[PDB]
Amino acid sequence: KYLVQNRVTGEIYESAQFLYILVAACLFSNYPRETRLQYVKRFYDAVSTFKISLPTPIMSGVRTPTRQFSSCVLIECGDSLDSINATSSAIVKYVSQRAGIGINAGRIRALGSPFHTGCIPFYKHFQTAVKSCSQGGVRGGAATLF
Amino acid sequence: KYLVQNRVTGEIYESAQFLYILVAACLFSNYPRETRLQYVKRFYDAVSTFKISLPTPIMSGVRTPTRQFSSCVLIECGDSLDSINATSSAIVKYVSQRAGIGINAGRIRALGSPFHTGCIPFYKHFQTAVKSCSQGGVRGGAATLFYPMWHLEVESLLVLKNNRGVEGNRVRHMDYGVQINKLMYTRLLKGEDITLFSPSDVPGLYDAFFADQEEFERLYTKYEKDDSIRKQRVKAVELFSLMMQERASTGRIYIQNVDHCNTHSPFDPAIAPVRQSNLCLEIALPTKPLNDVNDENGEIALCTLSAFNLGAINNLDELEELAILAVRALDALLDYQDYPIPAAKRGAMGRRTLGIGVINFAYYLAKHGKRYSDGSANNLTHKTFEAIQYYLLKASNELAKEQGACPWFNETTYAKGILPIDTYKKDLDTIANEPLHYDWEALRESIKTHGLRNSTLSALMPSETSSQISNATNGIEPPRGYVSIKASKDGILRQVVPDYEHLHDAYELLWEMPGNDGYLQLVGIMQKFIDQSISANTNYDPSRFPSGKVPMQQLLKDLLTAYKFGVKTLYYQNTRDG
Amino acid sequence: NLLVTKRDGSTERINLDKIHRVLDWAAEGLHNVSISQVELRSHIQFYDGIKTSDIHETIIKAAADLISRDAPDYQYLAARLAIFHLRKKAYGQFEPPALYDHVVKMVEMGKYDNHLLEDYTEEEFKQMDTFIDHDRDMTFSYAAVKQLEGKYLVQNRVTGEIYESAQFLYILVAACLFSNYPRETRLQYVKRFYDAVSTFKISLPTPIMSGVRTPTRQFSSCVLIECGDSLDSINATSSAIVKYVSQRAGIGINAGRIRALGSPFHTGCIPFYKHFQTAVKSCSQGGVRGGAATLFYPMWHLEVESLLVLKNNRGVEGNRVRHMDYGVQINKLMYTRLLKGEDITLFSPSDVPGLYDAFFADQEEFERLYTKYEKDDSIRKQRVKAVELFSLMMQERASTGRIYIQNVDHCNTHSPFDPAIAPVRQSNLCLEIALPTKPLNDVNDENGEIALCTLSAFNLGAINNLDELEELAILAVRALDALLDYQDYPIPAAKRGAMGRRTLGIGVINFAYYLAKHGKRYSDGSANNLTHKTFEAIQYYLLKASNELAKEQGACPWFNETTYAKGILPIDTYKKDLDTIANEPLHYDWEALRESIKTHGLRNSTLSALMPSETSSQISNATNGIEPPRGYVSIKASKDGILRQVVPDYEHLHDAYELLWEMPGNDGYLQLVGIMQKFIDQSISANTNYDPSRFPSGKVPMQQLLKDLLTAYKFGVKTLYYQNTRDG
Amino acid sequence: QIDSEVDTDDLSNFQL
Amino acid sequence: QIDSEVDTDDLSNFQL
């Protein structure tokens, strides 16, 4: 899950130190030339000697054409259909990019309120939004609801 | 269901004649003073004497502060997350208002496409949208989802309500409509293969499937030969058998003959193709995918319904006045009701689509001494539905002279001087000889010149509540028995078919039919005239077959009979229990 | 418009008048049939471009679907339409070709045997064609035509092509069987046999009706094999079974001699029974479909308690042999132990010298040896209560319906065979055949004897009086005797039986209809004297036919082994208790026949046996064998639709009929079987019947089961076939 | 099912 | 239940 490779053909394209130096080079690329390569060396040393650990999306992706690096998203749902739909849509977008979700759905009014039908049917909807981009049943897409 | 009341205290506030008079008063309220109360009186008379039946949302809500009257919505999903999200959002908004949904999800790309995870997880998400405002995951909110028979995932899609499977491959609380055309059926007859494709892999194929049968066959065979296109081949006999097995076991796997829906249609399929149906398979209207809930370029189809009571009219020329009343009342409702989604307002205001059907057809045949199963009702049915469609078109044509044709009238076949009498399935000529009794040539020119207020006028829906109120037989269906029974807190509720005393022998009960042939010919004859489709049932009594099992041979034969007579859709399959 | 696709491929236009005329033709003479109703129901299924064969099949089915007890004549409307369709399918037209032109074509095609063109000249075929009445095809019911179409008529299985019609079948069966007859009598016999079968007076078994006229010589459907107590005999028996079941034969296996588990063969009967079962089913689709057997053993066998439960569906696999039926052999002594509430002692036949032989041949010698061995402490034995053993048997009989009884004493005291020379020691699959056998020590053992029997039946509903049986017995006996020299014999020992004894088994069908039209019933004793009169006539005329055949062609080589050879008749040896239940005098000169038989002999050692029927009775629209019908309408599943058949002359006789479950008990039927058995040479496939709803708490008492068993014995009933229990 | 009740004294009367 | 028997030669005649 780290090294740049062809998942279809099985080919591996790089080795570990190229990953480390290039993650360093990309993250500090916008630094002034006066300090840039200094930060690149020191960050490279930090990660390649195991002093700093970075998440898998950064490790697999930083240096590639992707800009999808968010893996941790928190969404609060309001007590309206518009917000439920916005929340659901946001989940679908983020889970397709491999993100784990924290959902606050505690605002949703209880069953029998003057939404008559309650929290659970909407909770079911958030679950299908979470699982919308998963193999076929469970494999992929994760959320905790509060 | 109908009378204005307090749910909590149990208090009832009105009686039936106040309901009828005020519905009439509300719907005709914007009419000029010279004609206003004349329309109110005549509409009141029509509904209070059961000649016209109105849907529950109208009957319960028109006169009250509510503006939620849309019960029939058709949404088409595009192959993008943005469209999947818009579709889901639109479903949630509409099911909270008690609407039935037709969802077209056929465009969503198959599992493994370079969306990687496939249709089923998205179908599950549509199902939860559908049931998002339901008591306990089921009670309230309903949908039918549509896909083409040639979809790469079809074999998995066919078995979605099979109660014996793994949970991640089952979506059991929606119904399904399988879309078929001549080419698919030909592969069945010839005992050949059907090639399955993901719509994302086959440029123009999906569009041609609905709009252009020649272009479909050109592209289909072209892509079949192309080795670079991902595909799966299955036997046509096997695919059809799987479909019909699931149709038989659930009763809720439906058929849409998409070619019929577009060659015989009020719509020009080059501009506004009919690419799906609704929950009950009688509605057939153009749609356009949304890229956002509030997408102004999307089109969600809506239809307002009503029905003529064929048992309450003394003769067919009475339909002239009734069509005027029904068309005008519903057209007024279109400007009256609320629209939670911009794209649905676009459909309703652009096309002003109506779906007026019938109830009491079985009683109607009985009192004319005709039956379903023997071909004896063929000519009477032809005469009856000519009169219905003629007078509906005449009413809408006159409304267009008065108030203007619908903004998108130019997208209709009607606008081109084309009538249902030009485009019907020609095989119907062999099963009825009844001549046209009305001046369709004059109407043709009058429509082309003055237009229609409404792009569609007719559709044959099921009924239950409406027919109960008129003590009518349900829609076009033969009754199962002479006495209907419903459970109630107040006791056992019984209803006897109208005029049992004099007509018990004239009636043909559902299971007294030796087969589906006669009923299917009647549906085909109706379809010659009907703008949209018909909620046509197939029926099978195991006890009529050797060893008590319905042969696949007969299931396929009836399917093919339906196609040959131009039947556009097939709704429930009923199997007699016992 | 409605276009119709012809047989060639061209699209003609629909002729409603032509269809209506064919229906009008088929309706001739029928009552309560509506042609417009048939038209309405079928014409709604017509579509533009429907092919001609499909129109035919649609209106046939339409008529067939309207068959009911209220309108039985739809049976004949549908059949005639089906016959019409079968003519076109075979000949391209309604009118069949000339017989000679038909036979030449069929021999060319290899569908008929070329011996037909050798044995008869063109001029003889012309003459035979004048005997034929093709309009007799119009006398078949719908169920009959379906049977003919599926089982009888020469056809191609692969292409579905049918090559003949029913009258060509009947005429050519007649022609083949009488082909070796001299020119002075030949075509006279052919004509009279043809007339007899085509007017349903004589019924022939399926192998004859389907195969006689074709290149096949496999016509043996009934084989009886006796196994000896050796591996060599067990292997010979198994080998003989495999050969015969590959030709579609039903098997009766006697395995009673095989020594019990633990004998100084150590492993017992059951593993060998399993091996017989696999021999039986060796040529069957999936371990069941095809090949059938009934296995016989004595009630006193040491392993009997294990043997009784072999088809009990709740047990261990190494003690169950479920796909054969079983026949338990009993004699007076066993029954006496039951009545007295005493023990029955079980022995292995290997331990008890002469006991097994005496069991069948000599009841006095059996009791002398039995009690002698019971006392002898050195003989291995097990004692059980008679009440317990009988109850176990009857429990298994009741639960399976397929544990059968053979009263072996009755089979030998009242028998065409001298039991000192040729004892009857088993029966066949269906319990009506009773013939001598001898174990083989090898498949090709020339000293062995496998019993074979050729069957047919008189249609009691098709004869106007009993003296008609004179001519019919002549035709039936001679036709079947000719078949014996015609058919192939895969096993030498079976040829030995057939050529030595020339055994025949001619029974009846339509007995229930026969009783109904004479205003009699099964259950009340009202049919006792009529039954006595009827079966006297059958046996008398069968014996007279075979006696005359013996004058002409010689008696059977082993005639001297018969009781007949000694001037002994069934009228001398019947169970005397029958004298108390019928008073009908003999109407025929049996004393003259006695002397004539003793002097000139019989061509055939046995002539009569009462078998079950289904196919044969369907073709004649007859009630099945001697059985009362379960209902007025019979139903069979078919690819072509639900197949219905209404009992003959329901319209006039519905009240005269006594349906199976309308009988208050088995007594009346059992007396009728006993009266039949007075005359019948072999046995009768006698059923017992029990309706749980007639008994307290809905359960059949063992008391009644035993009572009926004892009633059967007392009236001389030789065997008991199926026990039927009404479901519900 | 079947009732296993057997009266041997009732049978002892019968003559074969 | 349903009988899965399909005669394709019977269907091959039909015209749509």
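Residue numbers begin at 1 in each chain, while the letters A, B, ... track the order of the sequences. Because only heavy atoms are used, hydrogens play no part in the values below, and waters and symmetry mates are left out as well, while side chains stay in.
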Taking atom NZ of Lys714(C) as the centre, report whether more than 12 heavy atoms of other residues, nucleotides or ligands fall under 6.0 Å from it. yes
For the interface with chain C, which of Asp9(D), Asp10(D), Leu11(D) has the highest count of heavy-atom pairs at distances below 4.5 Å? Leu11(D)
Just by modelled atom types, is the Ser12(D) backbone N or O under 3.5 Å from a matching donor or acceptor in the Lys340(C) side chain? no
Do you know which two heavy atoms are closest between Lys699(C) and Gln1(D), and how far apart they sit? CB-O, 3.4 Å
Does any part of the side chain of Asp7(D), heavy atoms only, come nearer than 4.5 Å to the side chain of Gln703(C), both counted from C-beta? yes
Identify which part of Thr336(C) has an atom lying under 4.5 Å from any heavy atom of chain D, answering side chain, backbone, both or neither. both
Should the heavy atoms of other residues, nucleotides or ligands under 6.0 Å from CZ of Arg314(C) be counted, would the total exceed 12? no
Tell me, side chain or backbone of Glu5(D) under 4.5 Å from chain C's heavy atoms, or both, or neither? backbone
Should we count CD of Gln704(C) as having more than 12 external heavy atoms under 6.0 Å? yes
With side chain to side chain contact (heavy atoms under 4.5 Å, CB included) as the criterion, how do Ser697(C) and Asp3(D) come out once you've worked through the C-alpha distance, each side chain's angles and the decisive distance to 0.1 Å? CA-CA 9 Å; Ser697(C) 319; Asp3(D) 177 32; over 6 Å; no
Partner of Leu16(D) under side chain to side chain contact (heavy atoms under 4.5 Å, CB included), chosen from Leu339(C), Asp577(C), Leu333(C), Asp409(C): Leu339(C)
Here the pair of heavy atoms bringing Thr8(D) nearest to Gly341(C) is CG2-CA, 3.8 Å
Side chain, backbone, both or neither: which part of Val700(C) has a heavy atom under 4.5 Å from chain D? both
